[PDB]
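Residue numbers (our numbering): 97 to 597. Backbone N, C-alpha and C define an ideal beta-carbon position, used for all residues, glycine too.
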């Protein structure tokens, strides 16, 4: 099979350091290669971080100029609409290439899915761990440091050959200089990370295909798509959480959308590659714990830690529009069959939090008999909100990591700049935006973003940031809490007791 504009796929390094390209959550623009995190036959855990969309060469000349600045211009109004009309033109053209095969010697732009940001090689900036390599970042806008020559690796495959799935390449920057080097230099802060960069080298990149543009379309069920699972009859979402230090699979008693109810669809494939549909098999990986949904004891819903085993494999049966010929599933209600143990899903009236009054945890098992009402809705989850989530839980630990340092000792000069800048960015988030963005300053708030703060401990870190310049940051903590709190009793109260505690 060939590679085509709009395919999603991972990138694994070869030679000096075989690794899978990855990134540090959302706040950081750093690119990394964790060598002993996983290999090709057994992928690293949070694999949704290693995927890229293939985009064609973007027309960046007009947008590049617009950003040039410390200056005054009244026609910035013209220039910005000139960059925007170029920006959509780029969109239209790149979308007209959906389906075209990219051959060797083309120029392409790697797009990092999780972040919705491009690969970016800064010819003016040398990499921070490798003395002689140009720095590489993740720029949402992109630029000439996003243009990449795809050059053949084995003389076997010539230039102007069609680049075939599983081929090794040289991802050479067009003007920015030398090939993407998977360096052999380890980051201080990070145990499992070797960094990447642009310097003369012999690093070869293998391309493993996740999904073809052909399957990239919606709202058809998809390989890596994230979903919420809603029991129609029961009116409770399938969540998964630790109760009394134990991972439980249960219903929680559409308005209330938790963060521990987030399932990452997988469709089973011979290779570790990513609709599929009715005649297909699946597993379900939680977003909090890498844990997998499985049935093992007639049986019950356990949370197995990895998806290498049959017990974690289910398969979907449609209804009431059944029997359903094999075809892409379309965000519709299904009955779930465990081919492995041979039973259908059946919820229960049995609680897990047995002592708690009005218990919020209904246990679920599996019974052989089919149930007319016993079917869930595969309820889709916007990728934008998923980003928000990982951005949110991602920044949580940053605060969590940094607050514990003021706790014991003090904070370094550079360590401050981050939280100072990060905090203000967390406001644009909670205020909502953005595109200066003064309108976004005036902009209304997201209750759904507010949902997150207490849910991902964001609030809990500001309070725990008060343990011990600081006149600005300690002062700057004040914008956020209030921004979060309004119009929401739940937060207003949560914070109220937190200030009381």
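query: Stretch pair the stretch 169 to 189 + the stretch 325 to 343: three plus CB contacts closer than 8 Å; result: no
query: Same chain only: Cβ atoms within 8 Å of residue 460, ignoring 5 sequence neighbours per side; result: 334, 345, 346, 347, 396, 397, 441, 442, 443 and 444
query: Beta-bridge partners of residue 116, as assigned by DSSP; result: 108 and 130
query: Sequence-distant residues of its chain with Cβ nearer than 7 Å to residue 131 (five each side left out); result: 113, 114, 115 and 290
query: Between the CA atoms of residue 150 and residue 247 - distance to the nearest angstrom; result: 15 Å
query: Simplified DSSP assignment, three categories, for residue 456; result: coil
query: Supposed close pair residue 276, residue 283 - CB separation, criterion 8 Å; result: So it is not a contact: roughly 17 Å between Cβ atoms.
query: Euclidean distance between Cα positions of residue 279 and residue 293; result: 7 Å
query: Neighbourhood of residue 147 by C-beta distance below 8 Å, restricted to the same chain and skipping five residues each side; result: 104, 105, 106, 208, 209, 210, 306 and 320
query: CA nearest to the CA of residue 155, picked from 265, 536, 495 and 179; result: 179
query: Beta-carbon gap between residue 317 and residue 425 smaller than 8 Å; result: yes
query: Beta-carbon spacing of residue 152, residue 212 below 8 Å; result: no
query: Exposure of residue 478, with buried meaning 16 or more beta-carbon neighbours within 10 Å; result: exposed
query: Beta-carbon contacts of residue 182 that lie in its chain and below 7 Å, excluding the five residues immediately before and after; result: 155, 158 and 159
query: Residue range of the alpha helix (DSSP H) that includes residue 581; result: 566 to 581
query: Check whether residue 492 and residue 552 have beta carbons under 8 Å apart; result: yes
query: Under the three-state DSSP convention, the category residue 479 falls into; result: helix
query: Beta-carbon gap between residue 304 and residue 241 smaller than 8 Å; result: no
query: Contact set for residue 288: own chain, Cβ-Cβ below 8 Å, skip 5 residues either direction; result: 130, 131, 132 and 133
query: Whole runs of the beta strand (DSSP E) within the stretch 354 to 422, excluding any shorter than 3 residues; result: 358 to 363, 377 to 382, 388 to 391, 395 to 400 and 410 to 414
query: Integer Cβ distance of residue 203 from residue 99, believed to fall under 8 Å; result: Contact doesn't hold; Cβ gap of about 14 Å is too wide.
query: Inter-stretch contact at 8 Å, needing at least 3 Cβ pairs: the stretch 371 to 385 / the stretch 417 to 434; result: yes
query: Cβ pair residue 196, residue 101 closer than 8 Å; result: yes
query: Three-way DSSP call (helix, strand, coil) for residue 235 in this model; result: strand
query: Inter-residue Cα distance where the pair is residue 222 and residue 301; result: 21 Å
query: Residues near residue 449 by beta carbon distance below 7 Å, same chain, minus five either side; result: 339, 455, 456 and 457
query: Cβ shell of residue 587 (< 8 Å), same chain only, five flanking positions each side left out; result: 546, 549, 550, 555, 580 and 581
query: Enclosing beta strand (DSSP E) for residue 325 [first to last residue]; result: 322 to 327
query: Alpha-carbon spacing of residue 281 relative to residue 472, whole angstroms; result: 48 Å
query: Burial state of residue 565, where buried means 16 or more other Cβ atoms lie within 10 Å; result: exposed
query: Contact under 8 Å by Cβ, residue 392 with residue 431; result: no
query: Cβ-based burial, residue 365 [other Cβ within 10 Å; buried from 16]; result: exposed
query: Distance between residue 121 and residue 487 (C-alpha atoms, nearest Å); result: 7 Å
query: Cβ-based neighbour list, residue 559, same chain, cut-off 7 Å, excluding 5 preceding and 5 following; result: 594
query: Enclosing alpha helix (DSSP H) for residue 535 [first to last residue]; result: 534 to 538
query: DSSP three-state assignment for residue 249, whether helix, strand or coil; result: coil
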